[PDB]
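Q: Quick one, my_file.cif (mmCIF, C-alpha atoms and all ligand atoms):
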data_query
#
loop_
_atom_site.group_PDB
_atom_site.id
_atom_site.type_symbol
_atom_site.label_atom_id
_atom_site.label_comp_id
_atom_site.auth_asym_id
_atom_site.auth_seq_id
_atom_site.Cartn_x
_atom_site.Cartn_y
_atom_site.Cartn_z
ATOM 1 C CA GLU A 1 3.937 -8.525 -16.643
ATOM 2 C CA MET A 2 2.915 -9.812 -13.208
ATOM 3 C CA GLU A 3 1.867 -13.363 -14.063
ATOM 4 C CA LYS A 4 4.996 -14.081 -16.203
ATOM 5 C CA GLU A 5 7.071 -12.604 -13.375
ATOM 6 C CA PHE A 6 5.166 -14.609 -10.729
ATOM 7 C CA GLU A 7 5.891 -18.006 -12.357
ATOM 8 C CA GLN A 8 9.520 -17.074 -12.981
ATOM 9 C CA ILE A 9 9.983 -16.132 -9.286
ATOM 10 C CA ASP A 10 8.181 -19.301 -8.203
ATOM 11 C CA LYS A 11 10.206 -21.430 -10.646
ATOM 12 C CA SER A 12 13.517 -19.987 -9.436
ATOM 13 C CA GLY A 13 12.203 -20.067 -5.827
ATOM 14 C CA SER A 14 13.243 -16.485 -5.181
ATOM 15 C CA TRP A 15 10.469 -14.690 -3.248
ATOM 16 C CA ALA A 16 12.910 -14.074 -0.341
ATOM 17 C CA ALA A 17 15.458 -12.369 -2.569
ATOM 18 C CA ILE A 18 12.793 -10.353 -4.476
ATOM 19 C CA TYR A 19 11.336 -9.303 -1.091
ATOM 20 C CA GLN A 20 14.732 -8.324 0.417
ATOM 21 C CA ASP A 21 15.500 -6.224 -2.583
ATOM 22 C CA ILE A 22 12.313 -4.202 -1.930
ATOM 23 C CA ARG A 23 13.434 -3.720 1.707
ATOM 24 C CA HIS A 24 16.913 -2.631 0.602
ATOM 25 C CA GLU A 25 15.419 -0.157 -1.924
ATOM 26 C CA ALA A 26 12.651 1.151 0.391
ATOM 27 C CA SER A 27 12.546 4.850 1.382
ATOM 28 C CA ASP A 28 14.122 5.938 4.718
ATOM 29 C CA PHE A 29 12.591 9.226 5.960
ATOM 30 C CA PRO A 30 12.673 10.791 9.355
ATOM 31 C CA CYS A 31 10.257 10.046 12.160
ATOM 32 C CA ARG A 32 11.376 12.759 14.571
ATOM 33 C CA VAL A 33 7.887 13.457 15.927
ATOM 34 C CA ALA A 34 7.082 9.769 16.553
ATOM 35 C CA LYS A 35 10.364 9.578 18.572
ATOM 36 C CA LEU A 36 9.772 12.521 20.908
ATOM 37 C CA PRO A 37 9.806 11.404 24.554
ATOM 38 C CA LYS A 38 6.266 12.678 25.010
ATOM 39 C CA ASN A 39 4.953 10.266 22.323
ATOM 40 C CA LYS A 40 6.513 7.090 23.573
ATOM 41 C CA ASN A 41 3.194 5.801 25.047
ATOM 42 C CA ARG A 42 1.403 6.641 21.762
ATOM 43 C CA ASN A 43 3.423 4.014 19.893
ATOM 44 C CA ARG A 44 2.653 0.274 20.125
ATOM 45 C CA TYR A 45 6.004 -0.801 18.577
ATOM 46 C CA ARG A 46 9.402 0.874 19.055
ATOM 47 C CA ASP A 47 10.461 0.141 15.472
ATOM 48 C CA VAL A 48 7.192 1.080 13.707
ATOM 49 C CA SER A 49 6.729 4.833 13.284
ATOM 50 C CA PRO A 50 5.028 7.221 10.859
ATOM 51 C CA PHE A 51 7.492 9.366 8.748
ATOM 52 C CA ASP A 52 7.033 13.026 9.591
ATOM 53 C CA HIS A 53 6.239 14.078 5.986
ATOM 54 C CA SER A 54 3.209 11.761 5.725
ATOM 55 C CA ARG A 55 1.964 11.510 9.342
ATOM 56 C CA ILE A 56 -1.684 12.402 10.116
ATOM 57 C CA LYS A 57 -1.852 15.332 12.524
ATOM 58 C CA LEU A 58 -4.660 15.472 15.059
ATOM 59 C CA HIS A 59 -6.283 18.976 15.157
ATOM 60 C CA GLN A 60 -5.497 19.554 18.888
ATOM 61 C CA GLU A 61 -3.263 21.919 20.193
ATOM 62 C CA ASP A 62 -1.959 19.796 23.002
ATOM 63 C CA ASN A 63 -0.237 16.990 21.101
ATOM 64 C CA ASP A 64 -1.081 16.417 17.460
ATOM 65 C CA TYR A 65 0.627 12.976 17.263
ATOM 66 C CA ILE A 66 -0.933 9.677 16.277
ATOM 67 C CA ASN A 67 0.867 6.697 14.778
ATOM 68 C CA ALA A 68 -0.836 7.001 11.394
ATOM 69 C CA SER A 69 0.356 7.761 7.819
ATOM 70 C CA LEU A 70 -1.473 9.077 4.723
ATOM 71 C CA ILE A 71 -0.568 6.825 1.816
ATOM 72 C CA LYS A 72 -1.510 9.120 -1.075
ATOM 73 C CA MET A 73 -1.416 7.199 -4.354
ATOM 74 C CA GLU A 74 -1.213 9.968 -6.975
ATOM 75 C CA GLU A 75 -1.502 7.959 -10.133
ATOM 76 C CA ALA A 76 -4.210 5.624 -8.765
ATOM 77 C CA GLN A 77 -6.029 8.622 -7.253
ATOM 78 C CA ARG A 78 -6.822 6.784 -4.013
ATOM 79 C CA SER A 79 -5.618 7.558 -0.497
ATOM 80 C CA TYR A 80 -5.562 5.297 2.596
ATOM 81 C CA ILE A 81 -4.730 6.122 6.195
ATOM 82 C CA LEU A 82 -2.585 3.335 7.672
ATOM 83 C CA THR A 83 -2.375 3.127 11.443
ATOM 84 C CA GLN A 84 -1.411 0.833 14.308
ATOM 85 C CA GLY A 85 -4.098 -0.858 16.357
ATOM 86 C CA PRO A 86 -5.069 1.906 18.836
ATOM 87 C CA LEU A 87 -3.774 1.599 22.414
ATOM 88 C CA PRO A 88 -5.898 1.978 25.588
ATOM 89 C CA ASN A 89 -4.862 5.701 25.720
ATOM 90 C CA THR A 90 -5.153 6.421 21.932
ATOM 91 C CA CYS A 91 -8.683 5.236 21.142
ATOM 92 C CA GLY A 92 -10.004 8.794 21.471
ATOM 93 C CA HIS A 93 -7.253 10.017 19.097
ATOM 94 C CA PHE A 94 -8.124 7.228 16.672
ATOM 95 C CA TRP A 95 -11.808 8.346 16.398
ATOM 96 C CA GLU A 96 -10.729 12.008 16.409
ATOM 97 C CA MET A 97 -8.564 11.192 13.361
ATOM 98 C CA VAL A 98 -11.498 9.394 11.656
ATOM 99 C CA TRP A 99 -13.746 12.410 12.260
ATOM 100 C CA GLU A 100 -11.282 15.130 11.121
ATOM 101 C CA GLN A 101 -10.174 13.135 8.002
ATOM 102 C CA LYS A 102 -13.832 12.457 7.160
ATOM 103 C CA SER A 103 -13.272 8.728 6.766
ATOM 104 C CA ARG A 104 -16.356 6.639 6.053
ATOM 105 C CA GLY A 105 -14.794 3.172 6.566
ATOM 106 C CA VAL A 106 -12.265 1.548 8.897
ATOM 107 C CA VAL A 107 -10.763 -1.774 7.819
ATOM 108 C CA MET A 108 -9.328 -3.905 10.649
ATOM 109 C CA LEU A 109 -7.248 -6.885 9.626
ATOM 110 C CA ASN A 110 -6.287 -8.232 13.078
ATOM 111 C CA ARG A 111 -7.928 -9.597 16.219
ATOM 112 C CA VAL A 112 -7.726 -7.874 19.569
ATOM 113 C CA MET A 113 -5.855 -10.925 20.995
ATOM 114 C CA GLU A 114 -3.374 -12.808 18.804
ATOM 115 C CA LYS A 115 -0.844 -15.385 20.065
ATOM 116 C CA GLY A 116 -1.948 -14.795 23.655
ATOM 117 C CA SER A 117 -1.345 -11.051 23.655
ATOM 118 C CA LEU A 118 -3.257 -7.811 23.227
ATOM 119 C CA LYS A 119 -2.470 -6.509 19.779
ATOM 120 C CA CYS A 120 -5.239 -3.841 19.699
ATOM 121 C CA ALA A 121 -7.478 -2.096 22.230
ATOM 122 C CA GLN A 122 -11.216 -2.843 22.143
ATOM 123 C CA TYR A 123 -11.798 0.543 20.501
ATOM 124 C CA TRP A 124 -15.410 0.096 19.278
ATOM 125 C CA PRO A 125 -18.568 -1.028 21.262
ATOM 126 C CA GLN A 126 -19.507 -4.697 21.048
ATOM 127 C CA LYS A 127 -23.119 -4.078 22.242
ATOM 128 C CA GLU A 128 -25.719 -1.517 21.037
ATOM 129 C CA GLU A 129 -26.831 -0.665 24.527
ATOM 130 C CA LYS A 130 -23.233 0.069 25.756
ATOM 131 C CA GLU A 131 -21.935 3.009 23.750
ATOM 132 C CA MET A 132 -18.425 4.512 24.158
ATOM 133 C CA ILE A 133 -17.667 8.105 25.160
ATOM 134 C CA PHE A 134 -14.145 9.377 24.437
ATOM 135 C CA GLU A 135 -14.135 12.358 26.812
ATOM 136 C CA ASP A 136 -10.635 13.480 25.856
ATOM 137 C CA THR A 137 -11.832 14.079 22.210
ATOM 138 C CA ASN A 138 -15.508 14.833 22.771
ATOM 139 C CA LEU A 139 -16.794 11.939 20.708
ATOM 140 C CA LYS A 140 -19.390 9.237 21.277
ATOM 141 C CA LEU A 141 -19.556 5.960 19.394
ATOM 142 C CA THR A 142 -22.520 3.575 19.205
ATOM 143 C CA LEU A 143 -22.870 0.177 17.584
ATOM 144 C CA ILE A 144 -25.941 0.472 15.274
ATOM 145 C CA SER A 145 -25.779 -3.069 13.815
ATOM 146 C CA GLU A 146 -23.457 -5.889 12.734
ATOM 147 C CA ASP A 147 -23.408 -8.617 10.101
ATOM 148 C CA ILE A 148 -21.262 -11.546 11.181
ATOM 149 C CA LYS A 149 -19.951 -13.883 8.423
ATOM 150 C CA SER A 150 -17.691 -16.879 8.906
ATOM 151 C CA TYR A 151 -14.421 -15.034 8.711
ATOM 152 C CA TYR A 152 -15.273 -11.273 8.783
ATOM 153 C CA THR A 153 -17.851 -9.017 10.371
ATOM 154 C CA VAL A 154 -19.226 -5.728 9.020
ATOM 155 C CA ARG A 155 -20.484 -3.253 11.620
ATOM 156 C CA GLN A 156 -22.396 -0.031 11.273
ATOM 157 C CA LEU A 157 -21.211 2.481 13.879
ATOM 158 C CA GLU A 158 -22.499 5.991 14.534
ATOM 159 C CA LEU A 159 -19.853 8.517 15.537
ATOM 160 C CA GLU A 160 -21.032 11.707 17.197
ATOM 161 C CA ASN A 161 -19.127 14.929 17.709
ATOM 162 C CA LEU A 162 -20.471 15.914 21.139
ATOM 163 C CA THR A 163 -19.183 19.497 20.718
ATOM 164 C CA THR A 164 -21.403 20.001 17.589
ATOM 165 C CA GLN A 165 -23.935 17.108 17.847
ATOM 166 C CA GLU A 166 -23.219 16.195 14.241
ATOM 167 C CA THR A 167 -23.311 12.370 13.668
ATOM 168 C CA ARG A 168 -21.722 10.258 10.924
ATOM 169 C CA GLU A 169 -22.146 6.631 9.900
ATOM 170 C CA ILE A 170 -18.840 4.694 9.974
ATOM 171 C CA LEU A 171 -18.616 1.232 8.477
ATOM 172 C CA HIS A 172 -16.206 -1.188 10.214
ATOM 173 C CA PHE A 173 -14.925 -4.121 8.093
ATOM 174 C CA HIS A 174 -13.279 -6.653 10.399
ATOM 175 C CA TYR A 175 -11.326 -9.526 8.837
ATOM 176 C CA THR A 176 -10.933 -12.001 11.734
ATOM 177 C CA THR A 177 -8.973 -14.865 10.110
ATOM 178 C CA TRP A 178 -5.754 -13.309 8.883
ATOM 179 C CA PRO A 179 -2.841 -14.416 11.077
ATOM 180 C CA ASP A 180 -0.133 -11.996 12.147
ATOM 181 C CA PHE A 181 2.807 -12.312 9.709
ATOM 182 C CA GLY A 182 0.490 -14.608 7.682
ATOM 183 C CA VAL A 183 -1.595 -14.580 4.492
ATOM 184 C CA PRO A 184 -5.343 -14.871 4.049
ATOM 185 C CA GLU A 185 -6.686 -18.396 3.605
ATOM 186 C CA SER A 186 -7.065 -17.834 -0.137
ATOM 187 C CA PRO A 187 -7.055 -15.143 -2.795
ATOM 188 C CA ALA A 188 -10.823 -15.718 -2.898
ATOM 189 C CA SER A 189 -11.490 -14.986 0.788
ATOM 190 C CA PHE A 190 -9.268 -11.884 0.694
ATOM 191 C CA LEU A 191 -10.858 -10.654 -2.538
ATOM 192 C CA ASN A 192 -14.435 -11.348 -1.360
ATOM 193 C CA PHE A 193 -13.710 -9.109 1.662
ATOM 194 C CA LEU A 194 -11.867 -6.401 -0.396
ATOM 195 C CA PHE A 195 -14.809 -6.178 -2.811
ATOM 196 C CA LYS A 196 -17.180 -5.889 0.210
ATOM 197 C CA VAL A 197 -15.180 -2.795 1.341
ATOM 198 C CA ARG A 198 -15.302 -1.442 -2.253
ATOM 199 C CA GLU A 199 -19.042 -2.050 -2.636
ATOM 200 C CA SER A 200 -19.901 -0.156 0.561
ATOM 201 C CA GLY A 201 -18.680 3.123 -1.022
ATOM 202 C CA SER A 202 -16.063 3.621 1.782
ATOM 203 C CA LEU A 203 -13.307 4.038 -0.799
ATOM 204 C CA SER A 204 -15.189 6.676 -2.883
ATOM 205 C CA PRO A 205 -13.179 9.831 -3.490
ATOM 206 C CA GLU A 206 -16.156 11.729 -2.042
ATOM 207 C CA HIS A 207 -15.091 10.521 1.420
ATOM 208 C CA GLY A 208 -11.896 10.994 3.379
ATOM 209 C CA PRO A 209 -9.353 8.186 3.079
ATOM 210 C CA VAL A 210 -10.414 4.772 4.419
ATOM 211 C CA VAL A 211 -8.619 3.924 7.677
ATOM 212 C CA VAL A 212 -6.746 0.603 7.452
ATOM 213 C CA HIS A 213 -5.072 -1.085 10.470
ATOM 214 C CA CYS A 214 -3.807 -4.361 11.733
ATOM 215 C CA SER A 215 -1.594 -4.434 14.863
ATOM 216 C CA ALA A 216 1.461 -2.463 13.611
ATOM 217 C CA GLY A 217 -0.375 -1.067 10.555
ATOM 218 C CA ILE A 218 2.273 -2.280 8.060
ATOM 219 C CA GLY A 219 2.161 -5.972 7.146
ATOM 220 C CA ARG A 220 -1.444 -7.084 6.729
ATOM 221 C CA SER A 221 -2.415 -3.395 6.104
ATOM 222 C CA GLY A 222 0.274 -3.000 3.368
ATOM 223 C CA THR A 223 -0.946 -6.214 1.706
ATOM 224 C CA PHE A 224 -4.585 -5.008 1.621
ATOM 225 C CA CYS A 225 -3.670 -1.590 0.237
ATOM 226 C CA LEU A 226 -1.197 -2.922 -2.320
ATOM 227 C CA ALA A 227 -3.729 -5.424 -3.817
ATOM 228 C CA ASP A 228 -6.359 -2.653 -3.938
ATOM 229 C CA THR A 229 -4.253 0.027 -5.626
ATOM 230 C CA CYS A 230 -2.891 -2.509 -8.175
ATOM 231 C CA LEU A 231 -6.444 -3.471 -9.098
ATOM 232 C CA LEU A 232 -7.555 0.181 -9.218
ATOM 233 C CA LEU A 233 -4.606 1.023 -11.528
ATOM 234 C CA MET A 234 -5.478 -1.672 -14.036
ATOM 235 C CA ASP A 235 -9.194 -0.831 -13.741
ATOM 236 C CA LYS A 236 -8.540 2.846 -14.681
ATOM 237 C CA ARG A 237 -6.446 1.827 -17.660
ATOM 238 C CA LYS A 238 -8.344 -1.425 -18.372
ATOM 239 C CA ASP A 239 -4.845 -2.858 -18.815
ATOM 240 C CA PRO A 240 -3.491 -5.515 -16.454
ATOM 241 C CA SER A 241 -0.068 -5.533 -18.143
ATOM 242 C CA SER A 242 0.534 -1.862 -17.314
ATOM 243 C CA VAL A 243 0.775 -2.593 -13.540
ATOM 244 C CA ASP A 244 4.198 -3.086 -11.908
ATOM 245 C CA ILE A 245 3.501 -4.534 -8.403
ATOM 246 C CA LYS A 246 6.947 -3.967 -6.906
ATOM 247 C CA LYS A 247 7.011 -0.363 -8.123
ATOM 248 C CA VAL A 248 3.595 0.234 -6.585
ATOM 249 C CA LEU A 249 4.787 -1.208 -3.217
ATOM 250 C CA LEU A 250 7.955 0.952 -3.339
ATOM 251 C CA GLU A 251 5.800 3.994 -4.013
ATOM 252 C CA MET A 252 3.536 3.233 -1.014
ATOM 253 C CA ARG A 253 6.677 2.735 1.092
ATOM 254 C CA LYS A 254 7.526 6.411 0.511
ATOM 255 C CA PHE A 255 4.513 7.114 2.831
ATOM 256 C CA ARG A 256 4.946 4.486 5.552
ATOM 257 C CA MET A 257 7.765 2.097 6.472
ATOM 258 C CA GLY A 258 7.605 -1.685 6.360
ATOM 259 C CA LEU A 259 4.503 -2.169 4.200
ATOM 260 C CA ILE A 260 4.246 -5.951 3.613
ATOM 261 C CA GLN A 261 6.189 -7.761 6.276
ATOM 262 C CA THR A 262 7.078 -11.126 4.701
ATOM 263 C CA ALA A 263 7.955 -12.533 1.241
ATOM 264 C CA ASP A 264 4.859 -14.687 1.424
ATOM 265 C CA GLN A 265 2.588 -11.621 1.936
ATOM 266 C CA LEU A 266 4.314 -10.234 -1.226
ATOM 267 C CA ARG A 267 3.666 -13.450 -3.123
ATOM 268 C CA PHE A 268 0.094 -13.460 -1.768
ATOM 269 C CA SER A 269 -0.264 -9.869 -3.092
ATOM 270 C CA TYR A 270 0.517 -11.001 -6.657
ATOM 271 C CA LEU A 271 -1.888 -13.932 -6.266
ATOM 272 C CA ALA A 272 -4.700 -11.603 -5.161
ATOM 273 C CA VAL A 273 -4.033 -9.118 -7.950
ATOM 274 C CA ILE A 274 -3.697 -11.749 -10.730
ATOM 275 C CA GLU A 275 -7.027 -13.274 -9.574
ATOM 276 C CA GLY A 276 -8.869 -9.965 -9.084
ATOM 277 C CA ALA A 277 -7.870 -8.905 -12.589
ATOM 278 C CA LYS A 278 -10.435 -11.423 -13.928
ATOM 279 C CA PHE A 279 -13.168 -9.315 -12.377
ATOM 280 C CA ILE A 280 -11.725 -5.933 -13.484
ATOM 281 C CA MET A 281 -11.499 -7.086 -17.110
ATOM 282 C CA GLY A 282 -15.168 -8.085 -17.227
ATOM 283 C CA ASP A 283 -15.564 -11.618 -15.936
ATOM 284 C CA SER A 284 -18.628 -10.897 -13.809
ATOM 285 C CA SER A 285 -19.081 -14.433 -12.501
ATOM 286 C CA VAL A 286 -15.778 -14.717 -10.509
ATOM 287 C CA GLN A 287 -17.264 -12.519 -7.717
ATOM 288 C CA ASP A 288 -19.929 -15.159 -6.904
ATOM 289 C CA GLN A 289 -17.236 -17.827 -7.120
ATOM 290 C CA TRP A 290 -15.052 -15.964 -4.587
ATOM 291 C CA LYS A 291 -18.037 -15.664 -2.273
ATOM 292 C CA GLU A 292 -18.597 -19.451 -2.533
ATOM 293 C CA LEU A 293 -14.889 -20.405 -2.105
ATOM 294 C CA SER A 294 -14.626 -18.091 0.932
ATOM 295 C CA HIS A 295 -17.411 -19.953 2.807
ATOM 296 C CA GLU A 296 -18.681 -16.766 4.429
ATOM 297 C CA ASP A 297 -21.955 -18.306 5.632
HETATM 298 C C1 LIG B 1 8.525 -9.783 15.004
HETATM 299 N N1 LIG B 1 7.666 -8.810 15.674
HETATM 300 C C2 LIG B 1 7.671 -7.474 15.543
HETATM 301 O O1 LIG B 1 8.464 -6.938 14.792
HETATM 302 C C3 LIG B 1 6.732 -6.551 16.282
HETATM 303 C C4 LIG B 1 6.397 -5.358 15.390
HETATM 304 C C5 LIG B 1 5.362 -5.808 14.387
HETATM 305 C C6 LIG B 1 5.402 -5.228 13.125
HETATM 306 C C7 LIG B 1 4.438 -5.663 12.215
HETATM 307 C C8 LIG B 1 3.469 -6.616 12.555
HETATM 308 N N2 LIG B 1 2.554 -7.042 11.652
HETATM 309 S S1 LIG B 1 1.168 -6.356 11.216
HETATM 310 O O2 LIG B 1 1.655 -5.036 10.731
HETATM 311 O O3 LIG B 1 0.368 -6.397 12.476
HETATM 312 O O4 LIG B 1 0.764 -7.379 10.172
HETATM 313 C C9 LIG B 1 3.422 -7.201 13.812
HETATM 314 C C10 LIG B 1 4.400 -6.778 14.707
HETATM 315 C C11 LIG B 1 4.346 -7.463 16.060
HETATM 316 N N3 LIG B 1 5.551 -7.208 16.869
HETATM 317 C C12 LIG B 1 5.625 -7.532 18.169
HETATM 318 O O5 LIG B 1 4.695 -8.077 18.770
HETATM 319 O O6 LIG B 1 6.847 -7.180 18.898
HETATM 320 C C13 LIG B 1 6.614 -6.553 20.171
HETATM 321 C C14 LIG B 1 6.749 -5.045 20.177
HETATM 322 C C15 LIG B 1 5.241 -6.798 20.789
HETATM 323 C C16 LIG B 1 7.669 -6.988 21.163
HETATM 324 CL CL CL B 2 -11.253 -9.274 17.823
HETATM 325 CL CL CL B 3 -4.506 -16.422 21.439
HETATM 326 CL CL CL B 4 -3.806 -2.735 23.477
HETATM 327 CL CL CL B 5 -2.097 -14.393 14.653
HETATM 328 CL CL CL B 6 10.426 -4.161 6.057
HETATM 329 MG MG MG B 7 -27.684 -7.590 22.335
#
Using structure tokens, write down the structure from this file.
Ligand SMILES: CNC(=O)[C@H]1Cc2ccc(NS(=O)(=O)O)cc2CN1C(=O)OC(C)(C)C
Ligand SMILES: [Cl-]
Ligand SMILES: [Cl-]
Ligand SMILES: [Cl-]
Ligand SMILES: [Cl-]
Ligand SMILES: [Cl-]
Ligand SMILES: [Mg+2]
A:
Amino acid sequence: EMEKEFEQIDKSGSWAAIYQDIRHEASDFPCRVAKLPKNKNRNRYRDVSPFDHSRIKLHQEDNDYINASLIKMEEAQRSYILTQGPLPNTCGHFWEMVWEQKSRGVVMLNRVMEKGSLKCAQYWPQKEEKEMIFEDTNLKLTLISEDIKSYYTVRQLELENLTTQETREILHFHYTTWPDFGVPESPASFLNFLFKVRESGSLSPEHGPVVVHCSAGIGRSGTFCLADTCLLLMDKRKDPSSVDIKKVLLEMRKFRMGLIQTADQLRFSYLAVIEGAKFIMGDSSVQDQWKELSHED
């Protein structure tokens, strides 16, 4: 049981050792496509690649490759697409993937510039009147509106397939205060934002999988998806004790390497899940309290 386990690990001071064991046990599958010479400039990080079995394929002829993985959680019945922050030359592929996979939401857990460097291309329009055309993929993207809170911004985007003229609303949930290789400021701020994504409907099984990215699409992204699936699992069963966090993380790691990048992101994951369980088991009030503690205004 996660809370018993949590205190035990904290008491013994062994998050590092628990975390390294997950890395030692983690799946190792091939990434032959990611490593083809022709795809070198489609990858942000040499040592962060999608496994071939789980990679999202673009529906070109030409080159179907994008650094993106379908994390398909069978028992939870939720899927997520995890991806790197798109590069200047892969922004059209990124929106092409959103369109073909029928995603309704994109969750971005990084900033475009972190520690003085460009960790993600500016892949969405910052101004209504200056829309983006991705000519390679025949798509157009327009900012419709935004709601800026203290530490996250929600945008409404309209994506248009120029070849068909069909349009879709995409919601963009941008967490702007989660440091690279870091943890959110509190369980409350992370959970306030996670429940905003949930409330939008973007995770409904009537849509394609939500797109989740940070810079590499593994650390902050893994943390977000792990907390969510753990909460979903206990919500389905109404049974917090039936969730094994480390087993869930190992299962997700069958679909993409490196998910959760530090022992403190692991420990933060347990914090978020232990706290969010209050909500799941019927303590209505904690949602307002998270919103307050997060200081979103
Ligand atoms: C340590 N650093 C690294 O391993 C790499 C890969 C990574 C993997 C994961 C990652 N975290 S996250 O997935 O964005 O939370 C950030 C980075 C940033 N990196 C880098 O900036 O390293 C580069 C490629 C820029 C030299
Ligand atoms: Cl930004
Ligand atoms: Cl900076
Ligand atoms: Cl970039
Ligand atoms: Cl940072
Ligand atoms: Cl790792
Ligand atoms: Mg304006």
Q: When the PyMOL selection byres (((chain A and resi 251-264) around 7) and not hetatm) is applied to the structure above, which residues does it catch, written out as a PDB file with C-alpha atoms, keeping the file's coordinate frame?
A:
ATOM      1  CA  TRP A  15      10.469 -14.690  -3.248  1.00  0.00           C
ATOM      2  CA  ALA A  16      12.910 -14.074  -0.341  1.00  0.00           C
ATOM      3  CA  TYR A  19      11.336  -9.303  -1.091  1.00  0.00           C
ATOM      4  CA  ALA A  26      12.651   1.151   0.391  1.00  0.00           C
ATOM      5  CA  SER A  27      12.546   4.850   1.382  1.00  0.00           C
ATOM      6  CA  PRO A  50       5.028   7.221  10.859  1.00  0.00           C
ATOM      7  CA  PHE A  51       7.492   9.366   8.748  1.00  0.00           C
ATOM      8  CA  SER A  54       3.209  11.761   5.725  1.00  0.00           C
ATOM      9  CA  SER A  69       0.356   7.761   7.819  1.00  0.00           C
ATOM     10  CA  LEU A  70      -1.473   9.077   4.723  1.00  0.00           C
ATOM     11  CA  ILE A  71      -0.568   6.825   1.816  1.00  0.00           C
ATOM     12  CA  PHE A 181       2.807 -12.312   9.709  1.00  0.00           C
ATOM     13  CA  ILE A 218       2.273  -2.280   8.060  1.00  0.00           C
ATOM     14  CA  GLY A 219       2.161  -5.972   7.146  1.00  0.00           C
ATOM     15  CA  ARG A 220      -1.444  -7.084   6.729  1.00  0.00           C
ATOM     16  CA  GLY A 222       0.274  -3.000   3.368  1.00  0.00           C
ATOM     17  CA  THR A 223      -0.946  -6.214   1.706  1.00  0.00           C
ATOM     18  CA  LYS A 247       7.011  -0.363  -8.123  1.00  0.00           C
ATOM     19  CA  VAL A 248       3.595   0.234  -6.585  1.00  0.00           C
ATOM     20  CA  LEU A 249       4.787  -1.208  -3.217  1.00  0.00           C
ATOM     21  CA  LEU A 250       7.955   0.952  -3.339  1.00  0.00           C
ATOM     22  CA  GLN A 265       2.588 -11.621   1.936  1.00  0.00           C
ATOM     23  CA  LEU A 266       4.314 -10.234  -1.226  1.00  0.00           C
ATOM     24  CA  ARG A 267       3.666 -13.450  -3.123  1.00  0.00           C
ATOM     25  CA  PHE A 268       0.094 -13.460  -1.768  1.00  0.00           C
TER      26      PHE A 268
END
Q: Selection in question (the file shown): the PyMOL selection byres (((chain A and resi 144-154) around 8) and not hetatm). Which residues does it include, as a PyMOL selection string?
A: chain A and resi 128+142-143+155-158+171-177+193+295-297
Q: Evaluating the PyMOL selection byres (((chain A and resi 275) around 12) and not hetatm) on the displayed file yields which residues, as a ChimeraX atom specification?
A: /A:2-3,186-192,227,230-231,240,268-274,276-281,283,286-287,289-290
Q: Find the residues near ligand CL 2 (chain B). Use a cut-off of 10 Å, count only C-alpha atoms and all ligand atoms, and write them as an MDAnalysis selection string.
A: chainID A and resid 108:114 118:122 126 153 174:177
Q: Residues contacting ligand CL 5 (chain B) - anything with an atom at most 6 Å away, using all atoms listed in the file - can you give me those as a PyMOL selection string?
A: chain A and resi 114-115+179-180
Q: Go through A:165, A:24, A:59, A:117 and flag the residue nearest ligand CL 3 (chain B), using only C-alpha atoms and all ligand atoms for the distances.
A: A:117
Q: If you take every atom of ligand LIG 1 (chain B) that the file lists and fit an axis-aligned box around them with 5 Å extra on each side, what centre and edge lengths come out in Å to one decimal, as lines of an AutoDock Vina configuration file?
A:
center_x = 4.4
center_y = -7.4
center_z = 15.7
size_x = 18.2
size_y = 14.7
size_z = 21.0
Q: Measure the distance from atom CA of residue 107 of chain A to atom CA of residue 94 of chain A in Å and round it to one decimal.
A: 12.9 Å
Q: Please, what distance in Å, to one decimal, runs between atom CA of residue 284 of chain A and atom CA of residue 1 of chain A?
A: 22.9 Å
Q: Can you list, as a PyMOL selection string, every protein, DNA or RNA residue that comes within 10 Å of segment 30-42 of chain A when you count all atoms listed in the file, leaving out same-chain residues fewer than 6 positions away?
A: chain A and resi 48-55+63-68+84+86-90+93
Q: Please measure the separation of atom CA of residue 169 of chain A and atom CA of residue 99 of chain A, giving the value in Å to one decimal.
A: 10.5 Å
Q: Which residues, written as a compact mmCIF listing (two decimals) with C-alpha atoms, in the coordinates of the input, have at least one atom at most 9 Å from residue 163 of chain A, with only C-alpha atoms counted and residues fewer than 3 positions away on the same chain left out?
A:
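Written output follows (selection36.txt):
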# COMPACT_ATOMS: atom_id res chain seq x y z
CA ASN A 138 -15.51 14.83 22.77
CA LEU A 139 -16.79 11.94 20.71
CA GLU A 160 -21.03 11.71 17.20
CA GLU A 166 -23.22 16.20 14.24
Q: Between A:81, A:141, A:22, A:162, which one has atoms that come closest to residue 217 of chain A, using all atoms listed in the file?
A: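 For residue 217 of chain A, the nearest of the given residues is A:81.
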Q: Find the residue from A:136, A:200, A:25, A:215 that sits nearest to ligand CL 4 (chain B); use only C-alpha atoms and all ligand atoms when measuring.
A: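 Of A:136, A:200, A:25, A:215, the one nearest ligand CL 4 (chain B) is A:215, counting only C-alpha atoms and all ligand atoms.
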Q: Using only C-alpha atoms, which residue out of A:245, A:72, A:293, A:101 lies closest to residue 6 of chain A?
A: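 When distances to residue 6 of chain A are compared using only C-alpha atoms, the smallest one comes from A:245.
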